[PDB]
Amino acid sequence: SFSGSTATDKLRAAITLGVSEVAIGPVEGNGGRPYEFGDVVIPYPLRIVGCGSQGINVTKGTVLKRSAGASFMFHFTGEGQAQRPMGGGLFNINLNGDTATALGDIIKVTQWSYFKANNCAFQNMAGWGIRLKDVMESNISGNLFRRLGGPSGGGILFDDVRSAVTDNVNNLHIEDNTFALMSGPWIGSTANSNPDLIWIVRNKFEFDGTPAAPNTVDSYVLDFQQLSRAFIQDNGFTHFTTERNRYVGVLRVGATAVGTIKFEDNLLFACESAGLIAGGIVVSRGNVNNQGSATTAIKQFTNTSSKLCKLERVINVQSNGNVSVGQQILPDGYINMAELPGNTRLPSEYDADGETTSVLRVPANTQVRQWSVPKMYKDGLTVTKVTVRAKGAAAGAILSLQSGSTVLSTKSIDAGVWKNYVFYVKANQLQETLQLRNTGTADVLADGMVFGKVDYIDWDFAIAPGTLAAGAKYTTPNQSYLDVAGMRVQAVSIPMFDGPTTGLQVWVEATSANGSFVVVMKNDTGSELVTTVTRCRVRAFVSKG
């Protein structure tokens, strides 16, 4: 119902006139054939209604082809405009490329808000199905993406920012879609996209086959060089393997991503790897892979991020229901240091031998982390213990456990190896907070720790029994409950020593009701005994009172 030689011209009349909605009909009213468009520019929120369907087939409703050498089909842009376009989009339309190897894009959207593409299809072209730049508050749900992309293509791209880092893709919904038989990133972002608040939820993703342009490089279904707040949840992912068009992993996150990215509750089938996280804050939990026909269990994320990641296992069940990869078996009470709070920015780095492969690097004269003491432990009658797994970068790293600026205990850290460092807190020393600091001259790598109440404390002390005549005895200095535990001692172990105590009868005498004691050592040999021991030790048990 508009004037011009071709559909490209017919439609441009509507735009110049500036009509709000432009209904388009099926393949019947153009006799079996799809209206062809090319390089059309739309500078206002125009709706393009259809009478077509989400689907592959081109024989039964609105269908659109790109023109033989066109760069794009539509480009919904607000560039140079004085009022940002806000609305419209594609509804009920089977969009298509000119050839199966055509490059460029199908839809561009630039300098836009509240774009929507419902119940459509994007297919057959080796470039990008949808290219977004400075597109906000939009929605792309209920579409098909098929035979898109390749070395210079993909499904949906979040492109560079337009001018400021804040001129980005944000508040975008990608829901209820189906992606199959594609190449490149199926959803992706550039090194300068800065995207934020993205929902990728309740989609199907499945290999199906290699399209016209196979992948040339190792590829990822979801490939985001940058990504801030994102929900990637309740999706299916099916048959992504290296041999099936080089999908080496499901998700890759780039080194300058911020997060928080939530990769949760996805149900995978015969996928080779969760993928690679090189940056950002990423939370992964509730993911399960049925290995199906795959020859190997799914691989877990490779993590090299400089920031906290919380990556629970993707469970691997074989097709017969047998678990072959379960939850990670953590040390009881283990906490990775990056989960704790602290006053200094400390980048995480990779160490193959860390419990999670992710460890903090803490310079000289710097806090590691600080935490609050549980209220139940703060009763003046609780002994606590810190075990921290650490590795010196070089000689001379020292870890101190402190209550604010008060120093409770220090340990020298061995260079080049992971070792466990134990610090006790006496009951009379525990306050509101504890911290670990590097008080040495070299970097220390800090893996994680175990903090909690203990029902004992180990105690070692100086003795000097010397040379004892037949039947003579030596009594050790008094071991006060104050110095031993900082609170009442319930009882002690048999004492042991820094050497043999051959021919000494040993017992323990209480010196108060509160479990203070001496050790008595008596020459039971019947002739002169030259002793050699200089240290005595017990395990001291604590209860309450």
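Note that residue numbering follows the sequence shown and begins at 1.
S.K.: So which stretch wins on mean C-alpha B-factor, 455-463 or 356-364?
M.R.: According to the entry, 356-364 carries the higher average C-alpha B-factor.
S.K.: Can you tell me which stretch has the higher mean Cα B-factor, 46-54 or 480-488?
M.R.: Averaged over C-alpha atoms, the B-factors run higher in 46-54.
S.K.: Could you check 97, 259, 275, 333 and tell me which one carries the biggest Cα B-factor in the deposited entry?
M.R.: If I rank 97, 259, 275, 333 by C-alpha B-factor, first place goes to 97.
S.K.: In the PDB entry, which of 439, 111, 324, 305 has its C-alpha at the highest B-factor?
M.R.: Max CA B-factor in the entry, restricted to 439, 111, 324, 305: 111.
S.K.: Ordered by C-alpha B-factor within the chain, which third holds residue 181? Give me lowest, middle or highest, please.
M.R.: Within its chain, residue 181 is a highest-third residue by C-alpha B-factor, going by the deposited values.
S.K.: Report the third (lowest, middle or highest) to which the CA temperature factor of residue 449 belongs, ranking only the modelled residues of the same chain.
M.R.: It falls in the bottom third of the chain.
S.K.: If you rank the chain by CA B-factor, which third does residue 164 end up in: lowest, middle or highest?
M.R.: Residue 164: CA B-factor falls in the highest third of its chain.
S.K.: For the chain shown, is the CA B-factor of residue 377 in the lowest, middle or highest third of its modelled residues?
M.R.: It belongs to the lowest third of the chain when residues are ordered by C-alpha B-factor.
S.K.: Name the third of the chain's ranked CA B-factors that contains residue 405, choosing lowest, middle or highest.
M.R.: Tercile = lowest for this residue's CA B-factor.
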